[PDB]
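K.L.:
Structure below; questions to follow.
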Amino acid sequence: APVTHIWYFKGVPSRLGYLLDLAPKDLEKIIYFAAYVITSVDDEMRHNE
Amino acid sequence: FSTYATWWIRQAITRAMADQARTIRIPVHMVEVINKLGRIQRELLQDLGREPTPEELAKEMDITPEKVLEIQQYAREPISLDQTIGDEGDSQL
Amino acid sequence: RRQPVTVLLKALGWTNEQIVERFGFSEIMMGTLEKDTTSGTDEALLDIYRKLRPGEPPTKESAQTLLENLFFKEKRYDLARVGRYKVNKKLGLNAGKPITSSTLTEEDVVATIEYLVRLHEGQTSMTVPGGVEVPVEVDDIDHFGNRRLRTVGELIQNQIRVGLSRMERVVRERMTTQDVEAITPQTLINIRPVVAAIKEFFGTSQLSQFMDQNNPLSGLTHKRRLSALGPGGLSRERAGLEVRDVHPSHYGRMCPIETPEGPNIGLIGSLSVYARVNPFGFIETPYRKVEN
Amino acid sequence: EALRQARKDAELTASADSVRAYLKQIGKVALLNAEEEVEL
Amino acid sequence: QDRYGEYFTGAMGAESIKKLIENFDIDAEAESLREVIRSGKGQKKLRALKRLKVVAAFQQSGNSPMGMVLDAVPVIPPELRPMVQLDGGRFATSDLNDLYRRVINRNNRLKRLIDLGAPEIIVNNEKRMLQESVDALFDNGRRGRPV
Amino acid sequence: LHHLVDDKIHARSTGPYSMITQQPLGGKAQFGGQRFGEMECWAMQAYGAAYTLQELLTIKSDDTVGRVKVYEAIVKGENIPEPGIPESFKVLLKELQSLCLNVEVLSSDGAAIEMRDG
Amino acid sequence: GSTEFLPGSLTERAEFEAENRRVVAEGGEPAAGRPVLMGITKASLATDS
DNA sequence: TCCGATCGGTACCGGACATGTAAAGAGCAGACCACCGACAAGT
DNA sequence: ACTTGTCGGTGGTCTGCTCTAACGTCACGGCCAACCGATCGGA
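From first to last, the protein sequence lines stand for chains X, B, Z, E, A, P and R. Converting from the first sequence to the entry's author numbering requires adding 98 to each position, the first position being numbered 1. Converting from the second sequence to the entry's author numbering requires adding 280 to each position, the first position being numbered 1. Converting from the third sequence to the entry's author numbering requires adding 220 to each position, the first position being numbered 1. Converting from the fourth sequence to the entry's author numbering requires adding 147 to each position, the first position being numbered 1. Converting from the fifth sequence to the entry's author numbering requires adding 244 to each position, the first position being numbered 1. Converting from the sixth sequence to the entry's author numbering requires adding 1023 to each position, the first position being numbered 1. Converting from the seventh sequence to the entry's author numbering requires adding 1171 to each position, the first position being numbered 1.
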């Protein structure tokens, strides 16, 4: 299973957080299996049905 | 379910701890012998009142008085090269 | 994190009327009580439980049991005989009674809060209800009345206590697995942890050192040495220019001359010639009483 | 009321320690008394 | 997931971060950050500055952000983590062997759990343990308690 | 006092070395060498003595081939050969690569120089 | 402006002036900078190696 | 604007070293080794 | 006639895999305790 590099997540400032515009708490919740994140959503299908 | 489950859970935990707990792996059939020797040593220590010599362990474990030395020498765990030697934090083994 | 002390007082079973009638001599306590924004007792107890143990679903009895375990039980809190004596002397509580209990009590907490508020106001005296009047003043942590001495016996006793705790854990583990009517004292007691702890202390602890044997004076001074370093003590790096000083309370108890001149200056010393040791671990010195 | 909101906030806490998170997850589900095991 | 199943996709763990990076567009994000910094002001401008710093750092070089998520863990040569036999028969270790052993044990257990078909709770716990083991290998103490 | 020269005097030309980084040991009880720390390096740099510093760092501590070549040259009477690459730098490069860092030495052309000489 | 320097960053005066000279000729609007006093630690950590 | 919290740093040489526990037990099978038969074909 | 390679067997030890049916169901052992300046994420 893929594993993130500790240097680029738990750093001050966090580089993954800056790249993805995510707060460090959100990253810690996601990558340590505490919260789900929507990777993508089909907006075209939702707007039709 | 709490009886069969208990049996299987205990077996799995014990077998895994026999395998994945030593830097130098020892087979389960010898980990059992080491544990038995330790238990017999504890019982002899309680009974005699002094530290039991290899002679007593040989009689109470129905093995040769030489295999006990090999068993005790297989139980050594390697030390770490990164442990501090002095009082401050500038020296290592 | 910080929480107003009124929440803690209400969680201890007190009400608004109790706080008003108890701390009615002050102003900061009233201001804190007006800004508590928490009424009743259950709400404050739930807030304390949420702050102390996040992530655990709270119930009614769990918070009370947690508070009792934290402060008012012998299992996980132990103000030792030294600590009990110091608290009694400082707050003027239980004057005369023998030192039997060794745990904190609500009376001690309320006395501490009252002492703090009266010290902040500026009063130089305070009498706890059902207590003896004591002066109100700040404490110097470097005073020799606030620094005690753990001798060899106390360190060995602590190691024996650790070993006995491990042995008790093993005994409790073995009690529920063996069959009743066949359990005997010798089939439950594993003596190995106790002797292991003693050996670990004598062979690993920083306070157990090789004897100096250059000359008789080396050994004599080695046995009379007071060290501030070790388990539960300071470190040679995390110690500023405050503890490495000759306090005026060292007269007749600690020598101001004999100390290492390297990086351990002031952290190691020697007993004076006439100095003794109290049963509580404090250092006593003799004086001749004069009259008229 | 306040108790339900406190419970909901407690269940949504981060709980950075892994052991605590696993204990919460296993405590989410209930047990089986005598008969549900046979059905399963 | 039950009701509106075929309308979105959600993930959990480092795979989610990998997919987000795959769908990430460096050029558009950098252009938006530049527009914000040349138009906006206040506390937004400082965050735009820092984000633009990182995004332009990734854009200038020929590398890709995908290197922040690992699919393989390199292993140092044995002579830099020696297993030597001290005189008297006692051995010695370099404290890296233990970390590598933990990583390998958790990876093998994860492989077995995935092959068996264990419930998602056990698999998620094993993946979290593998992540923690790799983090302890690279930097022991940054997150959580030291091993 | 218990500070006698008999317990203080120590000298070495060649002796035991370490394992990970092929540097001489330390201490009189192990026939070790004297540390040439960072302050001494600053003093040498201020003096302008480039060759003394280079030989001290390379052919007296880490250059595995250089040490034996220097000893042979001294014994046979030839000139001291040129220094090589210290082993500590290669150890550092391996430790950096083990952290998923792509450290590579580039020549003038722009290619990569392999460190697997031998 | 039309330089490759990221805004808010600290750049050498020589490089900044050279870039401005290269931009004003056969280019567009140059960048504007303001002198910065830096501590010893920050200046030593801001090196090019 | 104030606000807690994490994270970085703190001179040099000389010397000095190695851990303390285990709830077990059985039945079955493959592998390698130390001892041996035949047996015709090759020496 | 003696040797020699392929065939087949008995017995022994080291190593690994599988199984055992009353009922049993949500971890600890423990500090931290300097003290400075810088800085990002909150309020």
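The beta-carbon is built from N, C-alpha and C at its ideal position, and this holds for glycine as well.
#1: Of the residues that make up the segment 148-169 of chain E, which ones have a beta carbon closer than 9 Å to any beta carbon in chain A?
#2: Show which residues of chain A have a CB atom less than 8 Å away from the CB atom of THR294 (chain B).
#3: Residues of chain B with CB under 7 Å from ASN384 (chain A), in chain order?
#4: Which whole-angstrom value is the C-beta distance of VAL390 (chain Z) and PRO413 (chain Z), which I expect to be below 8 Å?
#5: With contact counted as at least three CB pairs below 8 Å, one residue from each stretch, are the segment 291-310 of chain B and the segment 329-347 of chain A in contact?
#6: Is the CB of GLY275 (chain Z) under 7 Å away from at least one CB in chain E?
#7: For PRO1047 (chain P), count neighbouring C-beta atoms within 10 Å of its own C-beta (all shown protein chains included) and say buried if the count is 16 or more, exposed if not.
#8: Roughly how many angstroms separate the alpha carbons of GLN343 (chain Z) and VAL307 (chain Z), rounded to a whole number?
#9: Identify the continuous beta strand (DSSP E) that holds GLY1172 (chain R) and give its terminal residues.
#10: Among P:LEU1027, P:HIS1033, P:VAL1028, P:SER1041, which one has its Cα closest to the Cα of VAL328 (chain A)?
#11: Just checking: is the beta-carbon of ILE1108 (chain P) within a distance shorter than 7 Å of some beta-carbon in chain A?
#12: Determine the chain A residues that contact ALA121 (chain X) at a beta-carbon separation under 8 Å, and present them in chain order.
#13: Taking the alpha helix (DSSP H) that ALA292 (chain B) belongs to, which residues open and close that run?
#14: Name the chain X residues that come within less than 8 Å of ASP315 (chain A), Cβ to Cβ?
#15: Under 6 Å Cβ to Cβ from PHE421 (chain Z), same chain only, skipping five residues before and after it: list those, please.
#16: Does the beta carbon of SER1131 (chain P) come closer than 7 Å to any beta carbon on chain A?
#17: Using the Cα positions of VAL1207 (chain R) and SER1180 (chain R), report the straight-line distance between them to the nearest angstrom.
#18: Got a sec? Which residues, its chain only, sit under 6 Å from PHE243 (chain Z) by beta carbon, not counting five neighbours each side?
#19: CB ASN484 (chain Z) to CB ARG456 (chain Z), shorter than 7 Å?
#20: Does the Cβ-Cβ distance between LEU266 (chain Z) and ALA153 (chain E) come in under 7 Å?
#21: What does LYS127 (chain X) reach in chain E if we use C-beta pairs closer than 7 Å?
#22: Identify each residue in the segment 325-340 of chain A for which the Cβ-Cβ distance to at least one residue of chain P is less than 8 Å, and report them in chain order.
#23: Judging by CA-CA distance, which residue of A:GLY249, A:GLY385, A:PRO318 is the nearest neighbour of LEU1124 (chain P)?
#24: According to DSSP, which residues form a beta bridge with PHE252 (chain A)?
#25: Helix, strand or coil: which one does DSSP assign to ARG291 (chain A)?
#26: Is there at least one Cβ from chain P nearer than 7 Å to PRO322 (chain A)'s Cβ?
#27: Taking Cβ positions only, does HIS103 (chain X) come closer than 7 Å to chain A?
#28: Name the residues in the segment 258-287 of chain Z whose C-beta lies less than 8 Å from a C-beta of chain E; which are they?
#29: Could you give the C-beta distance for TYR269 (chain Z) and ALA283 (chain Z), rounded to a whole number, given that I count them as a contact under 8 Å?
#30: Excluding five sequence neighbours on each side, which residues of the same chain lie with their C-beta closer than 8 Å to the C-beta of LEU375 (chain Z)?
#31: What are the residues of the segment 284-303 of chain A that lie near chain R, defined by any Cβ-Cβ distance shorter than 8 Å?
#32: Have a look at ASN410 (chain Z) and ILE351 (chain B) and give me their C-alpha separation to the nearest angstrom.
#33: According to DSSP, is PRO349 (chain Z) part of a helix, a strand, or is it coil?
#34: Which residues share a DSSP beta bridge with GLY489 (chain Z)?
#35: Per DSSP, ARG496 (chain Z) is paired with what?
#36: Report the rounded CA-to-CA distance for residue 185 (chain A) versus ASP299 (chain B), giving the unit in angstroms.
P.N.:
In brief:
#1: Going along the segment 148-169 of chain E in chain order, one finds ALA163, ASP164, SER165, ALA168, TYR169 with a Cβ nearer than 9 Å to chain A.
#2: Against chain A, a Cβ distance below 8 Å from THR294 (chain B) picks out nothing, because the smallest value is about 16 Å.
#3: Within chain B, no residue comes near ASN384 (chain A); the closest Cβ sits about 11 Å away, beyond 7 Å.
#4: Contact between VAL390 (chain Z) and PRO413 (chain Z) holds, since their C-beta atoms are separated by about 7 Å, short of 8 Å.
#5: Yes: at least three Cβ pairs fall under 8 Å.
#6: So yes, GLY275 (chain Z) belongs to the interface.
#7: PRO1047 (chain P) is classed as buried because its beta carbon has at least 16 other beta carbons within 10 Å across all chains shown.
#8: Each residue's alpha carbon lies about 20 Å from the other.
#9: First-last for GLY1172 (chain R): undefined, no H or E at that position.
#10: Selection P:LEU1027, P:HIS1033, P:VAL1028, P:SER1041 evaluated against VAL328 (chain A) yields P:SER1041 as nearest (Cα-Cα).
#11: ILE1108 (chain P) does not count as touching chain A.
#12: The contacting residues do not exist; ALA121 (chain X) stays about 11 Å from chain A at best.
#13: Note, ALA292 (chain B): alpha helix (DSSP H), 284-299.
#14: Those within 8 Å of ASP315 (chain A) in chain X are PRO100.
#15: Counting only Cβ-Cβ distances below 6 Å, and skipping sequence neighbours, we find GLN379.
#16: Between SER1131 (chain P) and chain A, the shortest Cβ-Cβ separation is not below 7 Å.
#17: C-alpha separation (whole angstroms): 10 Å.
#18: Closer than 6 Å at Cβ, skipping near neighbours: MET249.
#19: Yes. Within cutoff.
#20: Result yes, Cβ atoms of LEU266 (chain Z) and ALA153 (chain E) sit closer than 7 Å.
#21: The contacting residues are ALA161.
#22: Within the segment 325-340 of chain A, the qualifying residues are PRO326, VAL328.
#23: Minimum Cα distance to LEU1124 (chain P) is reached at A:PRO318.
#24: In the DSSP output, where bridge partners are listed per residue, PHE252 (chain A) has X:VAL139.
#25: When secondary structure is reduced to three states using DSSP, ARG291 (chain A) falls in the helix class.
#26: Not closer than 7 Å to any Cβ of chain P, the Cβ of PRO322 (chain A) fails to qualify, so no.
#27: Closer than 7 Å: yes.
#28: Across the segment 258-287 of chain Z, CB contacts with chain E closer than 8 Å involve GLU263, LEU266, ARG270, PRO274, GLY275, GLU276, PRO277, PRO278, in sequence order along the chain.
#29: At roughly 4 Å, the Cβ-Cβ gap stays under 8 Å, so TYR269 (chain Z) and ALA283 (chain Z) are in contact.
#30: Scanning its chain for C-beta atoms nearer than 8 Å, with the 5 sequence neighbours on each side dropped, one finds around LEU375 (chain Z) the residues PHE421, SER425, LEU427, in chain order.
#31: In summary, the residues of the segment 284-303 of chain A whose CB is separated from some CB of chain R by less than 8 Å are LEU293, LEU296, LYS297, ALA300, in the order they occur in the chain.
#32: When only Cα atoms are considered, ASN410 (chain Z) and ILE351 (chain B) end up about 22 Å apart.
#33: Collapsing the DSSP output to three states places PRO349 (chain Z) in coil.
#34: Note: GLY489 (chain Z) sits in a beta bridge opposite Z:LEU446.
#35: Within the DSSP secondary-structure output, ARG496 (chain Z) pairs in a beta bridge with Z:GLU504.
#36: There is simply no residue 185 (chain A) to check, as chain A begins at 245 and stops at 391 in what is shown.
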